[PDB]
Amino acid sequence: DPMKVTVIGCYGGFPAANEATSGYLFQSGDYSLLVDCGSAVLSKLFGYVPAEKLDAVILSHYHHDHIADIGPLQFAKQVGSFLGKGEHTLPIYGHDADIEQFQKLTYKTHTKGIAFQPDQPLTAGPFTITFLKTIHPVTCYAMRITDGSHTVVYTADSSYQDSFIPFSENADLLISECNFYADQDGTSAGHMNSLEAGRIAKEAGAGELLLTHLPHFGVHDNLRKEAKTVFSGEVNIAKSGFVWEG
């Protein structure tokens, strides 16, 4: 069983015309895990896997562009249930330090909020997930996701920190946010530029780098060239439908 990541949405903040914000489909065997659930994510996701075949959701943080589709997903589960597309409760994992956001993850018997613990690995079917707190204006967690043979790291949202490097060590794929260009500083917004994403990939010895949480200006391909001045492996710009597999 190979591990397969499909980018569902990849824009920062809000979606470009016909595109989506943060959502990533992680699949192994029959298991389907959705990582983040932003704007237009469900619409796109259902082109790949129907609501009832989704096994779990995990959320890095509670910014609109990572959670806007949660309530629609809750409605999908409720209707699925009244349609007899199987009555199974959908677990949604998040941090519980923000009480009100976490409470909203639970909807009748249809979805169920489950607190992940930052200092302890989570098992979600065939996946193990470990966490790193990021530098972002709200509590937020990057994720090291493995199936035992391959490892994919998702930075979620963050400004640069050296701790990404031991955390991303030997990842087959690093999905790094890259909201800014080489000549810009994303510190005040809690974001990274392409040189920073390139630095993490190189220093961790990542096999491959995918740049995501994309900006709404500039030439995105410039983000690729800029990262490539630092990191020598494969680099790509995320888009809806982009697939990685190992």
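Note that residue numbering follows the sequence shown and begins at 1.
K.L.:
Comparing 214-222 with 57-65, which has the greater mean CA B-factor as deposited?
P.N.:
Stretch with the greater average CA B-factor: 214-222.
K.L.:
Which wins on mean Cα temperature factor, 150-158 or 75-83?
P.N.:
For C-alpha atoms only, the mean B-factor is higher in 75-83.
K.L.:
Given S168, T139, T130, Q117, identify the residue with the highest C-alpha B factor in the PDB entry.
P.N.:
Max CA B-factor in the entry, restricted to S168, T139, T130, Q117: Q117.
K.L.:
So if I compare the CA B-factors in the entry for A51, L33, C178, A40, which one is the largest?
P.N.:
It is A51.
K.L.:
Based on the deposited C-alpha B factors for this chain, I'd like to know if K112 is in the lowest, middle or highest third.
P.N.:
Tercile = middle for this residue's CA B-factor.
K.L.:
Could you look up the Cα B-factor of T21 in the entry and say which third of the chain it sits in: lowest, middle or highest?
P.N.:
Within its chain, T21 is a lowest-third residue by C-alpha B-factor, going by the deposited values.
K.L.:
Place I70 in the lowest, middle or highest third of its chain's C-alpha B-factors, as listed in the PDB entry.
P.N.:
Tercile = lowest for this residue's CA B-factor.
K.L.:
Tell me, lowest, middle or highest third: where does the Cα B factor of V5 rank within its chain?
P.N.:
Middle third - that is where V5 ends up once the chain's C-alpha B-factors are sorted.
K.L.:
Against its chain's modelled residues, does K104's Cα B factor rank lowest, middle or highest third?
P.N.:
As the PDB entry reports it, the C-alpha B-factor of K104 lands in the middle third of its chain.
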